[PDB]
Amino acid sequence: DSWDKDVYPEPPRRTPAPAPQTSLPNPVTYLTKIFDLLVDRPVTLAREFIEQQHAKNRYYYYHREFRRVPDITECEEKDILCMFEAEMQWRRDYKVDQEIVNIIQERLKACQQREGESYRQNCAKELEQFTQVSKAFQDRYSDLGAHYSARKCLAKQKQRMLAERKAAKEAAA
Amino acid sequence: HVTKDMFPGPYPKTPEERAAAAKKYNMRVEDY
Amino acid sequence: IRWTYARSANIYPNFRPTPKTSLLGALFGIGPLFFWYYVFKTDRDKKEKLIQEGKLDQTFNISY
Amino acid sequence: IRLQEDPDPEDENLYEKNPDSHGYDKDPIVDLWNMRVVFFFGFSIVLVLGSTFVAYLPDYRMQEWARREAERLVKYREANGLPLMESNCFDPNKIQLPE
Amino acid sequence: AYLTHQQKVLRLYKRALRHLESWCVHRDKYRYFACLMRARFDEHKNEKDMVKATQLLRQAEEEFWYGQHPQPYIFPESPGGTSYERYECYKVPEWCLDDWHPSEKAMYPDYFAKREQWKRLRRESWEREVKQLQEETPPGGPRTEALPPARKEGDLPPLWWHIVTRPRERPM
Amino acid sequence: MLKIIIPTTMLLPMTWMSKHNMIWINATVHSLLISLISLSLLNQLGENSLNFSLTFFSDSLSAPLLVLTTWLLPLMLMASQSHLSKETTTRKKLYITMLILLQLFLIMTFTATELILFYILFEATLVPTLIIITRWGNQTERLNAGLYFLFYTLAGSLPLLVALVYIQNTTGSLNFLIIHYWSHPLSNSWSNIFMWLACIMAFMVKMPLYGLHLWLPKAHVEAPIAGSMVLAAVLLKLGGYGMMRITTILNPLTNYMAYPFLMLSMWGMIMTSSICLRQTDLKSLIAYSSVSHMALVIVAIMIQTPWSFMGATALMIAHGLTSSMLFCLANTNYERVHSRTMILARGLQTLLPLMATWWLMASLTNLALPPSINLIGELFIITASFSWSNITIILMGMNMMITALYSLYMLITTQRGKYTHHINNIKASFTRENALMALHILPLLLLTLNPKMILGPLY
Amino acid sequence: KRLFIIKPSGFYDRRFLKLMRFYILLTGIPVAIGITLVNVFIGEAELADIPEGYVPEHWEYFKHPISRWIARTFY
Amino acid sequence: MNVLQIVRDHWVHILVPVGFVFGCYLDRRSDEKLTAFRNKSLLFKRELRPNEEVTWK
Amino acid sequence: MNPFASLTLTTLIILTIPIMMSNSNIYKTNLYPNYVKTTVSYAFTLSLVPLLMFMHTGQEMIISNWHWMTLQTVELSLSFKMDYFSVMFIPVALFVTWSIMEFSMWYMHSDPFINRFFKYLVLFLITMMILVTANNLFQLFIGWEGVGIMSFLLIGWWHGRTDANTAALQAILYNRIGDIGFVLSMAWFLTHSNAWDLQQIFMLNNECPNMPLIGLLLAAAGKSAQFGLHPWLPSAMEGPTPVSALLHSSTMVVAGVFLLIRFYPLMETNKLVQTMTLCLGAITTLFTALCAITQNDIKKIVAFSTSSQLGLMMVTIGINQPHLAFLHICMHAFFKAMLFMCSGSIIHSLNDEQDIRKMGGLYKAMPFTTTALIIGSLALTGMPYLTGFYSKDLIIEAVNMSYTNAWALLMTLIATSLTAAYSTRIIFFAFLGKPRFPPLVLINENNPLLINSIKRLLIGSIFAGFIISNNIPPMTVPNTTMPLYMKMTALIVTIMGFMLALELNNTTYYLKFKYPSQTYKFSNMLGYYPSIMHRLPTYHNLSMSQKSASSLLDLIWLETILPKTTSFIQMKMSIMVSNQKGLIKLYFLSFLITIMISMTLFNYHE
Amino acid sequence: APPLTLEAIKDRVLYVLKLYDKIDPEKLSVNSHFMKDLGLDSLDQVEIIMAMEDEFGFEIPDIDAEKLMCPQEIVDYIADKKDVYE
Amino acid sequence: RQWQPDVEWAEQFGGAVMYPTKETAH
């Protein structure tokens, strides 16, 4: 398909075998057959027509790979050039991260509808997957303000280590 | 068109100006 | 035209600062503003008082 | 006579002279071209052509690139076992804490 | 202006039967109590004391207000009715036809020609009718809003255009 | 940007030297052409703003607002050749001179790479505007309106000027980029608080402000129609655009010293919306309506939230396009009835069917029903306010009440109901009026397909 | 019998609505055939890997040909 | 059509089009000075292809 | 991936085609209504197919089409939820709309703007299927106001009428108060649950949604015309009868209730709010029915009966019975819509008169309408083995057989008896009585458009519930062990509601002294609710805008504190500086003082 | 709703005045003045209009009610309000 | 037409001082 099956996990599709108990004909099989030769077949035929027309000349496209940057924490203070390179590095890290949680959030929604009313127990792993990501997002990007900057993100991160290690060392005694 | 002499103004203090204020709103002094 | 003039323009030139207008302006003016300030500050102080030691649950709140 | 002035000029009806008047200009032929040219240089050249321009720009805000870039990171990250997203963006190892 | 005493009795009687109709609903009972309602009207008719009449009107309508139907019956095409100016949307002033495009005007040739006759006739008769109005004004301004009829011959009643050319109650 | 700034100037020699009656036609078509050129700035990278040169740079905030100005210039030019064609050519040419100059300052202001550079032309827009209200206005109180507008915004501009040069003397250049990257946490000292007021009051006095909104009823109602759009569609965004640009060196003082302004705006919009519910002038109702929406924008900026800014930009441009269109609505009646009282000209749907329709979706768009970006503007602010405080929705949604009643009340009073008996001047709507108004609402609906462009820098 | 009906002039609105709809397709359809044909003439690109040594052009990192052409010229 | 009169009222239709040409030309003229760093930003520090003279013109 | 995806979505886009063709203005501007109806007829036949697909197996599907927005972590995209609720309600909504469209061709066959009217009906119809079929809460919002605003124009169809604008404005206001809860609900889910799609909201367990559900409850109350905000529905009778017959009968007013059905898996967990919907549901049933019996307009009485019905399902919503409530929508849709154009049949035929005091004897004079009216009346009473029986009696049976509030049970039981009570009033006054219409009688129903439109809903109502209940899979637990004396009470309570109501109604035959009972004086005047709500707060807020706000605050005080005081201060000081005497003696004396202060008192020297 | 001429009018009007048993069923002149000819009372004259009001199904303003004094005036007024012209 | 200043507006500017005062009233 047009997407990897691992980063979009799909449980195996289990479909029942049609078991006709009532001798009278069911309709739902016939209108599907009627739809098949009235709508589906012309659509596939048209799809095949421009598929071979697409294959006449298929140019390529790729994605611009960005080299790794010395981020803010090693950037020289008041060095605008290294800070600009590093600020963009963190800015790009925000958007890929936003898509990281978008995939997990969307996968969370896919499980809920796929499992019907059994969603509560089936989407338990999916729930904790979102828990491991959503919680990290709060301590990674949340509460940074409209004018967020990696320095403020770095400042918050330094607050986290200082706060948690102070409690950890005091509790350790 | 409309002139400055007929237009809302100050509170009617004296009865004579109250009569003028009545006519200002094309109404009579007794009911104004 | 007299109605529009009286309701819009010929009001302030006839306005006179008197007690009832004075308190009414203060009441319907700064009154609700300061009243809203108290409750909203009361909400704000209680809200950030909750989270500074961890008395709120927003484990899934990320798009603030 | 109070002052030397003229009475209020009566508002003229553009339709009264030419029923085909579009309300753009008084003179007919230029008025007809005014409609023809504020339309032509209106909806078609800006509203219509600008729309398909603004509908098919290159990737704005690097949206599509970010998603595909993100997806590969997940594929690597699931295979190891470590959490899919680090809680510390900047590496704590190259971080100094003032005691 | 001056609403004479016998007039208000007529209005009160009219509203009483309408309210009594709403209460009675059924026709035979409606005719029953209205006759009783009528019977309790005509016997207080030969009183020489006007003070009695106005005093009688006092508690009588005070009875009317207490006994009025909270949902009285009104025909739809009357104030409060379910068809009150529900056809006012469709009606259009006649002068709007002057704005019609000549292609549209030519698409109704004969009627618009007749409209021209009405316009010219009104233009000619306007001077005559306004002259009649100013020639018979009551001293001290118009005493009543009632219009005077066309006196002489070959003329039209003064101030007639809007009432005569008013849009129909069934415009569509 | 030179690809836009130079052409915008180039109309001025052309219009001043065009033929006698070709002034409107020639000016309009190239004005539309310039807006087509300005469409090029909609593209924005996922990173740092498009920095063309040290002289000019555009971000994902300026570009959506910039195109609104360039798209606007045909609209005043096409809205003004009916109430000015009776004047001499030179005065008509001078009217284009003001409008072209007004745009040029707006284009340079929204794209200024230096904070002080922003300040000059952002303030310099007063001169072209002040001429418009005072010269070509159509009422007596326009002169007091001009003084009210000019002095009220100048009273805040000067403290900003002293504040900006002080930041220069303490932090060096005020380039928008270097300011963002070189940020210092503002202390809670008393001087910093007064510096905070100076850097903010200039922009906050400019949208409306509850208490500082008294110039809108004077200016917008009395201004000429071509001008009247500008005092409500774009210059109110100048006071807006300054806010998100300047609120990057004030953090975290804006966290605390914002309650009086937030409190004034939240309760204020309920008051001024209630004014609309009981107004008499059609233009004043529209202008006061602009106050409530703009006060919503004022609230939005002062939380400094990604969702808040995200709907802030959308609300401004959505409101600006609408308020212009409603001011077109007031003009349409104004030519026929020659008065601005609402109840004077009731019953227009029966007489003018399509103009009633144009008044219809204009009212719904002001109603901010979904998916019109007015809704996507307000709704985003509601969530940002709600996250800031849960009680906000009580004040937030109550505005949605009043903005619903008066919006249809203006519609119902004018369009619906029985037509006025004594009027006989209402003619068929000129194709200029209908075509202009379509050029307002249609892009506004067309923007609904992809509001990703209008969302703003935070997106 | 049927009689006259008094209605406001519509031809002025009929002209205007006709003018938009007819003229909005003056470039309305020609681009509409334009967008569909480029989708059924050469299609869209494919997510391939960058060739070794080949540093891709700036307009190359896109799928839609009209988007690629917009990136080719213009930007 | 008396081309002299035609260009009398239609030469005024060229200043804005040449203004954009002037404005567009001034864009590349202005950014020529502002080049300074070229092929120096580390996301674009790339080996110069043999006859390729400049990365970003 | 069977045609289930295409078929459901095609129904929506097919509905848009009449609107798109109308935008051309070169469209079928002569026989537009017939073109619109046959389009709905096609979509109705097509929309059946997704039903039996779900009926056969139960394939509920999510169609997340074109991606609209990528708000940070929130991805807003057009997504249709083909749940059981959406998949079957669309045929029912299409069925009633088809039925009335034929009636609309008959009733308003003389409206000069009839083509514009039919365009509006599709626009309302489109907004409804958006509301029913909506995954993200934004789409639910899209259909919400889209339905809400479309009600305004349709109610104000005769915009010349002053009162119609008031009711149209009133409908917007009461619905707008509903959107306060809707907007509040959206904000909470985007903040806490961090999404708007139903999938995440249910998965991201929000089992303590105190404020969000209160917002949801308020959203339902305003739209579905419960107590608190009822009186707009009775005032919505001022629009055209078809607008009344479709929107306010069972298609538009249901939208508030339908939201609760969608949010049932999260609604059930909170015990406090589901007691609140019992509170709102119980009072809504009484007061609407209590005012119903003492009314006179046919449209008013029928509408009050609806608002009594919308009181019912929310009572069932509270006690873990959402699906029965949703099923109750289906059965109520059939007969309740039917009762309208049957009354519309009487209204138009008997010279557009809505007062029940002006009919009678129409039983043998209007046979088909009389049959249709009594069929709807019996169905509306839950009388056994009919459309009403398969929903109402199960509801009344279930509501007692649960741990509920006692005061709610007494109200639902009384409401059902009152529900039958006004039904007898309609049949008694309108049909079973001596004629009372104007002399020249024009009553007739032989028009095929009238006959076929009502007949389709007739044959629908007779079976409807029998087919649906036997066919839909078991989704709840029908209680069985349960004593007789509340088993029969589903039908016992309405037997008296038929009985004594008949006795009291026929008492008008006896010639008796007329006396307005105080309770009647209360009930007949809509329980005094409009005379206080629609007069007291409306006067105060408007007066507050004039006395305060606009005058006192804006241009009296705010204009005199900053602007005028500064102008007065400058004016006074400008007088002081400019007003001199031109005397050198005084000027030079001032110079001497300035020299003295500078050399001595300014302390510049030191 | 089929239209109606003035011929159907006085057929319906003269019918209703014939309904009044106090009115002689054969002295219905088209200008039968209610006071001078029929010898009724103004209260009974008032009784006529609501009988007419239900006959044609519409309200007759009370100010115009007493101003109507003959069958012709009733015919004239109903024709004008319903804009009856043939 | 557009309103223009009148003599009463002009005579307001026509005094010996813009702001009248009994000292300058003569």
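Residues numbered from 1 in each chain as written, not as in the entry; some residues may be left out. Chains lettered and ligands numbered in written order. Part of a larger assembly, values for the part shown. Heavy atoms only, no water.

Tallying secondary structure elements over chain J gives four helices and zero strands in all. Secondary structure elements of chain J occur, N-terminal to C-terminal, as α-α-α-α. Computed over its C-alpha atoms, the radius of gyration of chain J comes to 12 Å, within 12% of the 12 Å expected for a compact globule of 86 residues. Structurally, chain J occupies a C-alpha span of about 35 × 30 × 20 Å along its principal axes. For chain J, buried positions account for 45% of its 86 residues. At a minimum sequence separation of 6, the contacts of chain J that also span at least 24 residues come to 53%. Split by element, the accessible area of chain J, about 4500 Å² in all, is 58% carbon and sulfur. Positive and negative charge centroids in chain J, built from 9 and 21 side chains respectively, lie 3 Å apart. (Helix = DSSP H or I, 4+ residues; strand = E, 2+ residues; numbered from the N terminus. Rg over C-alpha atoms; globule rule 2.2 N^0.38 Å. Buried < 20%, exposed > 50% of the residue type's maximum accessible area, 1.4 Å probe, protein only. Contact = heavy atoms within 4.5 Å. Areas by Shrake-Rupley, 256 points an atom, 1.4 Å probe, with all protein chains shown as cover. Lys, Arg positive; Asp, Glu negative; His and termini not counted. Charge placed at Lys NZ, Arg CZ, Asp CG, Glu CD.)

Our focus in this paragraph is the arrangement of the chains. Counting contacts across all 27 pairs of chains that touch, the top-ranked interface belongs to chains F and I. Chain K makes no contact with chain A, the minimum C-alpha separation between the two being 48 Å. One finds no contact linking chain E with chain K; the least C-alpha distance across the pair is 24 Å.

The terminal C-alpha atoms of helix α3 (residues 50–67) of chain E lie 25 Å apart, and with 18 residues this matches the ideal 26 Å at 1.5 Å per residue to within 8%. Each element contacted by the buried residues of α3(E) is listed here: α1 (5–24) of chain E. (Expected span 1.5 Å × (residues − 1).)

Attention now goes to the nonpolar core. By size, the foremost hydrophobic cluster in this structure holds 460 residues, and its most contacted members are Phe39(D) and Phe89(I). Contacts of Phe39(D), omitting those with residues within four sequence positions, involve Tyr24(D), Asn34(D), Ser44(D), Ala435(F), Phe16(G), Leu19(G), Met20(G) and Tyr23(G). Of all hydrophobic cores here, the second largest spans 23 residues; its members include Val13(J), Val16(J), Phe34(J) and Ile49(J). (Core = buried A, V, L, I, M, F, W, Y, C linked by side-chain atoms within 4.5 Å.)

To continue, consider the interface of chain I and chain F. Contact residues are listed per partner, giving 48 residues for chain I and 50 residues for chain F. Roughly 4500 Å² is buried in total at the junction of chain I and chain F, and carbon and sulfur atoms are behind 77% of that figure. Its largest share of buried area at the contact with chain F, chain I owes to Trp68(I), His159(I) and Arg176(I), together 13% of the area lost on that side. At the surface where chain I touches chain F, the tally comes to zero salt bridges. There are eleven residue pairs in polar contact connecting chain I and chain F. (Buried area = accessible area lost by both parts, 1.4 Å probe. Salt bridge = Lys/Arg side-chain N within 4 Å of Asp/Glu carboxyl O. Polar contact = N/O pair within 3.5 Å; in protein donor to acceptor, adjacent residues only side chain to side chain.)

Here we come to the packing of helix α14 (residues 298–318) of chain I against helix α15 (residues 322–349) of chain I. For any two helices packed against each other, the geometry comes down to the angle between their axes and how far apart the axes lie. Residue and element names in this part refer to chain I. Two numbers describe how α14 lies on α15: the axes approach to 10 Å, and their chain directions differ by 180°. One finds that α14 runs roughly antiparallel with respect to α15. On α15, the residues that touch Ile298, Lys299, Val302, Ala303, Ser305, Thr306, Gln309, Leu312, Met313, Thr316 and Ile317 of α14 are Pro322, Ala325, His328, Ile329, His332, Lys336, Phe340, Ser343 and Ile347. Of the residues that constitute the contact of α14 with α15, the class distribution is eleven nonpolar, seven polar and two charged. (Axes fitted to C-alpha atoms, helices over the stretch in contact; angles between N-to-C directions. Parallel < 35°, antiparallel > 145°, perpendicular 65-115°, else oblique. Nonpolar A, V, L, I, M, F, W, Y, C, P; charged D, E, K, R; others polar.)

Let's shift gears to the state of the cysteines. All names here are of chain E. Under the definition given, this model contains one disulfide over all chains. Note on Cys24: no disulfide assigned, nearest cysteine sulfur contributed by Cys35 at a separation of 11 Å. Of the residues examined, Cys24 reaches a relative accessible area of 4% and is grouped as buried. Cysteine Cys89 shares no disulfide, and the gap to the nearest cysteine sulfur, in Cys96, comes to 14 Å. (Disulfide = S-S within 2.5 Å.)

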